[PDB]
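File shown: work-v7.txt (compact mmCIF, C-alpha atoms).
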# COMPACT_ATOMS: atom_id res chain seq x y z
CA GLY E 9 -175.87 77.10 43.69
CA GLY E 10 -175.42 78.66 40.24
CA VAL E 11 -175.97 77.12 36.81
CA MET E 12 -172.35 75.86 36.92
CA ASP E 13 -170.97 77.99 34.13
CA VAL E 14 -167.55 79.40 35.04
CA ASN E 15 -168.30 82.98 33.99
CA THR E 16 -171.68 83.69 35.63
CA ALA E 17 -170.42 81.86 38.75
CA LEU E 18 -167.39 84.14 39.01
CA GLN E 19 -169.88 87.02 38.72
CA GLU E 20 -171.70 85.82 41.88
CA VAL E 21 -168.27 85.95 43.61
CA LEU E 22 -167.67 89.46 42.30
CA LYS E 23 -170.98 90.84 43.70
CA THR E 24 -170.07 90.28 47.34
CA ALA E 25 -166.32 90.64 46.67
CA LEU E 26 -167.01 94.30 45.79
CA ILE E 27 -168.57 94.81 49.24
CA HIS E 28 -165.74 92.81 50.85
CA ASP E 29 -163.20 95.06 49.08
CA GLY E 30 -161.23 91.96 48.12
CA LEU E 31 -160.29 93.32 44.69
CA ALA E 32 -156.56 93.78 44.28
CA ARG E 33 -156.35 95.76 41.05
CA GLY E 34 -153.01 96.68 39.46
CA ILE E 35 -149.68 94.88 39.60
CA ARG E 36 -148.48 96.23 42.99
CA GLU E 37 -151.65 95.13 44.76
CA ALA E 38 -151.80 91.88 42.76
CA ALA E 39 -148.27 91.02 43.90
CA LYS E 40 -149.06 91.94 47.50
CA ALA E 41 -152.28 89.89 47.37
CA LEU E 42 -150.59 86.64 46.32
CA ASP E 43 -147.48 87.23 48.46
CA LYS E 44 -150.15 87.35 51.17
CA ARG E 45 -152.18 84.26 51.95
CA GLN E 46 -155.40 86.28 52.17
CA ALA E 47 -156.07 85.74 48.44
CA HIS E 48 -158.18 82.75 47.42
CA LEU E 49 -158.96 83.36 43.76
CA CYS E 50 -157.05 84.68 40.76
CA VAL E 51 -158.26 85.49 37.27
CA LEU E 52 -155.94 86.68 34.49
CA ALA E 53 -156.53 87.95 30.94
CA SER E 54 -154.87 88.79 27.58
CA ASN E 55 -151.96 91.25 26.95
CA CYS E 56 -152.79 94.67 28.44
CA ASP E 57 -149.43 96.39 28.56
CA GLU E 58 -146.81 93.67 28.25
CA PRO E 59 -146.69 89.95 27.42
CA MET E 60 -144.38 89.83 30.46
CA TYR E 61 -146.96 90.24 33.22
CA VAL E 62 -149.17 87.35 31.95
CA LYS E 63 -146.07 85.17 32.44
CA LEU E 64 -145.16 86.78 35.80
CA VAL E 65 -148.67 86.14 37.26
CA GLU E 66 -148.24 82.41 36.51
CA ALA E 67 -144.75 82.58 38.08
CA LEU E 68 -146.30 83.97 41.29
CA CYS E 69 -149.07 81.33 41.27
CA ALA E 70 -146.28 78.71 41.10
CA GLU E 71 -144.26 79.99 44.06
CA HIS E 72 -147.08 81.01 46.40
CA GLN E 73 -150.55 79.66 45.65
CA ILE E 74 -151.98 77.93 42.59
CA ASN E 75 -155.53 79.10 42.07
CA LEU E 76 -155.30 80.53 38.57
CA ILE E 77 -158.19 80.98 36.12
CA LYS E 78 -157.84 82.62 32.70
CA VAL E 79 -160.66 84.67 31.19
CA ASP E 80 -159.35 86.70 28.27
CA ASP E 81 -160.09 90.25 27.10
CA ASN E 82 -158.89 93.06 29.40
CA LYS E 83 -162.09 94.96 28.58
CA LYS E 84 -164.08 92.26 30.40
CA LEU E 85 -162.35 92.73 33.77
CA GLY E 86 -162.20 96.51 33.14
CA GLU E 87 -165.98 96.65 32.82
CA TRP E 88 -166.41 94.31 35.81
CA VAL E 89 -164.78 96.71 38.26
CA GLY E 90 -165.23 100.42 37.55
CA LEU E 91 -163.79 103.28 39.61
CA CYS E 92 -164.21 101.30 42.85
CA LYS E 93 -167.28 99.34 41.87
CA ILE E 94 -169.03 98.78 38.54
CA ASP E 95 -170.67 102.09 37.88
CA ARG E 96 -173.52 103.14 35.61
CA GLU E 97 -175.28 101.59 32.64
CA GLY E 98 -172.90 103.82 30.69
CA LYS E 99 -169.59 105.30 31.85
CA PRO E 100 -167.36 106.47 28.98
CA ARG E 101 -164.76 108.18 31.23
CA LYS E 102 -163.29 104.75 31.94
CA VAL E 103 -163.87 101.14 30.89
CA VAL E 104 -160.09 100.42 30.95
CA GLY E 105 -158.88 96.92 31.82
CA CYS E 106 -157.92 95.72 35.27
CA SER E 107 -156.03 92.95 33.40
CA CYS E 108 -156.00 90.60 36.39
CA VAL E 109 -157.71 90.74 39.75
CA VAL E 110 -157.41 88.72 42.92
CA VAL E 111 -160.30 88.26 45.35
CA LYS E 112 -160.12 87.27 49.00
CA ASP E 113 -161.94 84.13 50.16
CA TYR E 114 -164.55 84.40 47.40
CA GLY E 115 -165.61 87.79 48.78
CA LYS E 116 -168.15 86.65 51.36
CA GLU E 117 -168.75 83.01 52.27
CA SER E 118 -172.40 83.42 53.19
CA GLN E 119 -174.18 81.52 50.40
CA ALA E 120 -173.69 80.08 46.87
CA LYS E 121 -170.11 81.36 46.28
CA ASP E 122 -168.53 78.39 48.06
CA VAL E 123 -170.23 75.64 46.01
CA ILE E 124 -170.02 77.20 42.53
CA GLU E 125 -166.30 77.91 42.81
CA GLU E 126 -165.34 74.68 44.65
CA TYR E 127 -166.88 72.66 41.81
CA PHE E 128 -164.43 74.22 39.34
CA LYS E 129 -161.36 74.67 41.54
CA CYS E 130 -160.32 71.10 42.39
CA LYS E 131 -160.57 70.23 38.68
CA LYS E 132 -158.72 73.37 37.57
CA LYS T 82 -155.65 145.54 49.14
CA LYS T 83 -152.95 145.36 46.48
CA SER T 84 -152.54 142.54 43.97
CA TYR T 85 -149.47 140.31 43.50
CA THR T 86 -146.34 141.22 41.48
CA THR T 87 -144.06 138.98 39.37
CA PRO T 88 -141.93 135.96 40.31
CA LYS T 89 -141.06 133.46 37.57
CA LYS T 90 -140.46 130.13 39.34
CA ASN T 91 -143.25 127.72 38.76
CA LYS T 92 -142.30 124.07 39.11
CA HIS T 93 -143.85 120.90 40.46
CA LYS T 94 -142.31 117.99 42.31
CA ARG T 95 -142.92 115.41 39.57
CA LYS T 96 -146.18 113.81 38.59
CA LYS T 97 -145.12 110.28 39.62
CA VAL T 98 -144.91 109.49 35.96
CA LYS T 99 -146.60 106.53 34.34
CA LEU T 100 -144.08 103.75 33.87
CA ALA T 101 -143.82 100.00 33.66
CA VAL T 102 -143.47 99.26 37.36
CA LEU T 103 -142.93 95.85 38.83
CA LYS T 104 -139.90 94.03 37.47
CA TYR T 105 -138.42 93.67 40.90
CA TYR T 106 -138.93 89.95 40.32
CA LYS T 107 -136.93 88.78 37.35
CA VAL T 108 -137.84 85.90 35.07
CA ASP T 109 -135.05 83.32 34.70
CA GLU T 110 -136.51 79.85 35.15
CA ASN T 111 -140.01 78.54 35.64
CA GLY T 112 -141.67 79.35 38.12
CA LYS T 113 -138.83 80.99 40.10
CA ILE T 114 -138.86 84.71 40.90
CA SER T 115 -135.31 86.06 40.99
CA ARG T 116 -135.06 88.86 43.54
CA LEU T 117 -132.14 91.26 43.28
CA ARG T 118 -132.88 92.94 46.60
CA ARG T 119 -135.14 92.14 49.52
CA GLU T 120 -138.89 92.61 49.53
CA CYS T 121 -138.63 94.13 52.91
CA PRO T 122 -139.68 92.25 56.05
CA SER T 123 -139.96 95.36 58.23
CA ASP T 124 -141.83 95.45 61.53
CA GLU T 125 -145.19 96.13 59.86
CA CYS T 126 -144.58 95.13 56.22
CA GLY T 127 -146.63 92.17 55.03
CA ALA T 128 -143.89 91.35 52.50
CA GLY T 129 -146.02 92.69 49.69
CA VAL T 130 -144.11 95.97 49.49
CA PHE T 131 -140.64 96.15 47.97
CA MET T 132 -137.74 98.23 49.12
CA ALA T 133 -135.79 100.44 46.74
CA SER T 134 -132.24 99.53 45.86
CA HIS T 135 -131.16 103.15 45.37
CA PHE T 136 -127.45 102.62 44.88
CA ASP T 137 -125.69 104.43 47.73
CA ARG T 138 -128.82 103.80 49.81
CA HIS T 139 -131.55 101.47 51.00
CA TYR T 140 -134.89 103.15 51.39
CA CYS T 141 -138.52 102.09 51.73
CA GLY T 142 -141.35 104.58 51.27
CA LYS T 143 -143.22 102.94 54.15
CA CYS T 144 -140.22 102.71 56.48
CA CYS T 145 -138.91 106.11 55.54
CA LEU T 146 -137.70 107.44 58.89
CA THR T 147 -136.44 104.07 60.03
CA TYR T 148 -134.75 101.05 58.42
CA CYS T 149 -132.70 103.22 56.07
CA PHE T 150 -129.13 101.98 55.58
CA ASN T 151 -126.67 104.05 53.54
CA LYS T 152 -125.03 101.19 51.65

Transcribe the structure of this file into structure tokens.
Amino acid sequence: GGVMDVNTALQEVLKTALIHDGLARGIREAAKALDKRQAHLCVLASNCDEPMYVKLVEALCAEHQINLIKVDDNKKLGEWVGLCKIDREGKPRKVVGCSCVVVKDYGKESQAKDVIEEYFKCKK
Amino acid sequence: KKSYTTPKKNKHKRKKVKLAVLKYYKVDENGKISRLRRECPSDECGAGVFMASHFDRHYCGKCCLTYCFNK
């Protein structure tokens, strides 16, 4: 389905991915996700803490599974997944970046997720 | 009945302090990940958890009563 824009498509992933609990936030879980074959999607972003990890994530995509997408601004991904799920209209206690997240088999496979993502993925 | 008197010891284990964690994979060449020590393939590890190279020991926090060499 979708309108075939990369950003609002990846949002439709994220909706059902939240329910699926596919989100592997933080470096330890990110590493474990891509060292595992259960991952199917990766998105990275600009320098959060080091310019080293942005390199390392590409290094892991090389060795294990190429799937990478880059959408910059840590604050974007930080907003996109709150405490466990995106939480409130507000929420000033956190909005801190997740810096990169990995999602498992586009969350759920039930509807539009497969087509919107597959259109981009073989090209990228 | 009565209320407590006075000790003076008052310490905590450590707060598991916020550090730059995962450089257990070392960047040398592209896209190679240079391990210094095994990312343990225990009997229930998914190979997504590392094992500590303690120096004088070999210890995983998951396999913590088992699979602990002293080398």

Check your understanding: Within 12 Å of chain T, which residues of chain E show up when using only C-alpha atoms, listed as an NGL selection string?
Key -> :E and (32 or 34-46 or 56-58 or 60-74)

Shortest contact to residue 126 of chain E, candidates E:53, E:85, E:103, E:114, atoms counted only C-alpha atoms, goes to E:114

Selection: 12 Å around residue 100 of chain E, only C-alpha atoms, excl. self and same-chain fewer than 3 positions, as a ChimeraX atom specification
/E:86-87,90-91,95-97,103-104

Which residue out of T:141, T:133, T:146, T:98 has the minimum interatomic distance to residue 117 of chain T when all atoms listed in the file are used?
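Of all the options, T:133 lies closest to residue 117 of chain T.
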
From (-157.8, 80.6, 34.3), in the file's coordinates, out to 9 Å: which residues are reached, counting all atoms listed in the file? Answer as a PyMOL selection string. chain E and resi 50-53+75-80+132

The distance between atom CA of residue 55 of chain E and atom CA of residue 106 of chain E is 11.2 Å

Fix up segment 37-55 of chain E with N, CA, C and O atoms, then write it as a PDB file, keeping the file's coordinate frame.
ATOM      1  N   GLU E  37    -150.689  95.735  43.879  1.00  0.00           N
ATOM      2  CA  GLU E  37    -151.650  95.130  44.760  1.00  0.00           C
ATOM      3  C   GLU E  37    -151.833  93.675  44.470  1.00  0.00           C
ATOM      4  O   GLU E  37    -152.111  92.913  45.386  1.00  0.00           O
ATOM      5  N   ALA E  38    -151.737  93.261  43.181  1.00  0.00           N
ATOM      6  CA  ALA E  38    -151.800  91.880  42.760  1.00  0.00           C
ATOM      7  C   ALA E  38    -150.683  91.055  43.324  1.00  0.00           C
ATOM      8  O   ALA E  38    -150.903  89.936  43.778  1.00  0.00           O
ATOM      9  N   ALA E  39    -149.464  91.643  43.377  1.00  0.00           N
ATOM     10  CA  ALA E  39    -148.270  91.020  43.900  1.00  0.00           C
ATOM     11  C   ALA E  39    -148.406  90.812  45.376  1.00  0.00           C
ATOM     12  O   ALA E  39    -148.111  89.740  45.898  1.00  0.00           O
ATOM     13  N   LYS E  40    -148.832  91.888  46.076  1.00  0.00           N
ATOM     14  CA  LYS E  40    -149.060  91.940  47.500  1.00  0.00           C
ATOM     15  C   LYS E  40    -150.141  90.995  47.944  1.00  0.00           C
ATOM     16  O   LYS E  40    -150.054  90.433  49.030  1.00  0.00           O
ATOM     17  N   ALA E  41    -151.183  90.789  47.113  1.00  0.00           N
ATOM     18  CA  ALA E  41    -152.280  89.890  47.370  1.00  0.00           C
ATOM     19  C   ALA E  41    -151.882  88.440  47.386  1.00  0.00           C
ATOM     20  O   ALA E  41    -152.430  87.669  48.169  1.00  0.00           O
ATOM     21  N   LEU E  42    -150.930  88.035  46.508  1.00  0.00           N
ATOM     22  CA  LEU E  42    -150.590  86.640  46.320  1.00  0.00           C
ATOM     23  C   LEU E  42    -149.368  86.321  47.134  1.00  0.00           C
ATOM     24  O   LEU E  42    -149.187  85.173  47.540  1.00  0.00           O
ATOM     25  N   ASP E  43    -148.526  87.335  47.455  1.00  0.00           N
ATOM     26  CA  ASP E  43    -147.480  87.230  48.460  1.00  0.00           C
ATOM     27  C   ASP E  43    -148.079  87.080  49.839  1.00  0.00           C
ATOM     28  O   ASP E  43    -147.458  86.506  50.731  1.00  0.00           O
ATOM     29  N   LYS E  44    -149.305  87.626  50.037  1.00  0.00           N
ATOM     30  CA  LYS E  44    -150.150  87.350  51.170  1.00  0.00           C
ATOM     31  C   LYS E  44    -150.967  86.126  50.901  1.00  0.00           C
ATOM     32  O   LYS E  44    -151.118  85.687  49.764  1.00  0.00           O
ATOM     33  N   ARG E  45    -151.484  85.516  51.988  1.00  0.00           N
ATOM     34  CA  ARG E  45    -152.180  84.260  51.950  1.00  0.00           C
ATOM     35  C   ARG E  45    -153.662  84.530  52.012  1.00  0.00           C
ATOM     36  O   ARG E  45    -154.466  83.602  52.096  1.00  0.00           O
ATOM     37  N   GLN E  46    -154.042  85.829  52.045  1.00  0.00           N
ATOM     38  CA  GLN E  46    -155.400  86.280  52.170  1.00  0.00           C
ATOM     39  C   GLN E  46    -156.187  86.139  50.895  1.00  0.00           C
ATOM     40  O   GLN E  46    -157.410  86.006  50.941  1.00  0.00           O
ATOM     41  N   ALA E  47    -155.488  86.028  49.734  1.00  0.00           N
ATOM     42  CA  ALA E  47    -156.070  85.740  48.440  1.00  0.00           C
ATOM     43  C   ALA E  47    -156.691  84.362  48.460  1.00  0.00           C
ATOM     44  O   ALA E  47    -156.308  83.533  49.285  1.00  0.00           O
ATOM     45  N   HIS E  48    -157.698  84.102  47.595  1.00  0.00           N
ATOM     46  CA  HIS E  48    -158.180  82.750  47.420  1.00  0.00           C
ATOM     47  C   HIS E  48    -158.595  82.494  46.004  1.00  0.00           C
ATOM     48  O   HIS E  48    -159.013  81.385  45.684  1.00  0.00           O
ATOM     49  N   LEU E  49    -158.457  83.490  45.106  1.00  0.00           N
ATOM     50  CA  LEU E  49    -158.960  83.360  43.760  1.00  0.00           C
ATOM     51  C   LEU E  49    -158.076  84.248  42.946  1.00  0.00           C
ATOM     52  O   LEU E  49    -157.685  85.312  43.413  1.00  0.00           O
ATOM     53  N   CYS E  50    -157.813  83.877  41.680  1.00  0.00           N
ATOM     54  CA  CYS E  50    -157.050  84.680  40.760  1.00  0.00           C
ATOM     55  C   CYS E  50    -157.719  84.494  39.436  1.00  0.00           C
ATOM     56  O   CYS E  50    -158.120  83.385  39.097  1.00  0.00           O
ATOM     57  N   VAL E  51    -157.805  85.574  38.633  1.00  0.00           N
ATOM     58  CA  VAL E  51    -158.260  85.490  37.270  1.00  0.00           C
ATOM     59  C   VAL E  51    -157.319  86.408  36.534  1.00  0.00           C
ATOM     60  O   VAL E  51    -156.856  87.404  37.085  1.00  0.00           O
ATOM     61  N   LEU E  52    -156.894  85.977  35.324  1.00  0.00           N
ATOM     62  CA  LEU E  52    -155.940  86.680  34.490  1.00  0.00           C
ATOM     63  C   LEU E  52    -156.621  86.878  33.165  1.00  0.00           C
ATOM     64  O   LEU E  52    -157.750  86.431  32.987  1.00  0.00           O
ATOM     65  N   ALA E  53    -155.968  87.604  32.220  1.00  0.00           N
ATOM     66  CA  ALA E  53    -156.530  87.950  30.940  1.00  0.00           C
ATOM     67  C   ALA E  53    -155.401  88.297  30.010  1.00  0.00           C
ATOM     68  O   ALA E  53    -154.255  88.433  30.436  1.00  0.00           O
ATOM     69  N   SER E  54    -155.735  88.476  28.703  1.00  0.00           N
ATOM     70  CA  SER E  54    -154.870  88.790  27.580  1.00  0.00           C
ATOM     71  C   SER E  54    -153.983  90.000  27.791  1.00  0.00           C
ATOM     72  O   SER E  54    -154.222  90.774  28.709  1.00  0.00           O
ATOM     73  N   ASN E  55    -152.968  90.201  26.907  1.00  0.00           N
ATOM     74  CA  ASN E  55    -151.960  91.250  26.950  1.00  0.00           C
ATOM     75  C   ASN E  55    -152.590  92.623  27.043  1.00  0.00           C
ATOM     76  O   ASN E  55    -153.311  93.038  26.138  1.00  0.00           O
TER      77      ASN E  55
END
